[PDB]
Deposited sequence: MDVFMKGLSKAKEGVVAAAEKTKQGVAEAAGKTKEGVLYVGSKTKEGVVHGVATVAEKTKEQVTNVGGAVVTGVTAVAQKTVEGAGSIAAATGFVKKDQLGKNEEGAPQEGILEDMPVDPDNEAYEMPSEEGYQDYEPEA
């Protein structure tokens, strides 16, 4: 499991957000197990969670994610 990232090197990249929520419940990244034997979970990269979620320009630079998730029996 190898990840390699290389980077070699007027409004730009500007965000305005206004949010008005009376009630918010946000769970993000959740793993829940009840009465479970084996649970393997991988979350990788960018997760944005919100009642109001904005992601801008998340990977201008190179980004690498490598995942190997699981079990050997």
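Novice: Missing CA coverage against the deposited sequence, listed in sequence order.
Specialist: Those stretches are 1-14, 24-32, 97-140, listed in order.
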